[PDB]
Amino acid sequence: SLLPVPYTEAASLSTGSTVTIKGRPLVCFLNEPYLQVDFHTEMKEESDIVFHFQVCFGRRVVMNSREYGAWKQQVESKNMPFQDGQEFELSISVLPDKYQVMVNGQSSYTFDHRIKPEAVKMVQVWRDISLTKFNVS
């Protein structure tokens, strides 16, 4: 029932789209496992990133974009709704002005659009998780 990780899926997004991910960190929070979700402009892994969401479980979350190969202004959050050793459900909704990140049904992070979500062609979910579900509305 596990999906391969790194997980790559071609995707198209617009206002109203939701990306839902169900997974579990591979190790305890003391070990600082990571989760990364990247919305790419092309199927290639080295392409630009419209939205980069990286969790360091139990510590912090960083968000950014990678434009013409360069990381832009990093946004950091210490909000940590993820629970040690538990399965999580993460949903990323495309709103007119921003992305809204729900964790286990709780609004947890937002990121204003820097590039139109229509530029997205691929989503990659990777780092230290097992993945059971991935869906795009």
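The first residue of the sequence shown is number 1, and the count goes up from there.
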Between 9-17 and 122-130, name whichever shows the higher mean Cα B factor according to the PDB entry.
9-17
If you average the Cα B factors in the entry, which is higher, 46-54 or 25-33?
25-33
At the C-alpha atoms, which of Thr41, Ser77, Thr110, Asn64 reaches the highest B-factor in this entry?
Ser77
Based on the deposited C-alpha B factors for this chain, I'd like to know if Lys72 is in the lowest, middle or highest third.
middle
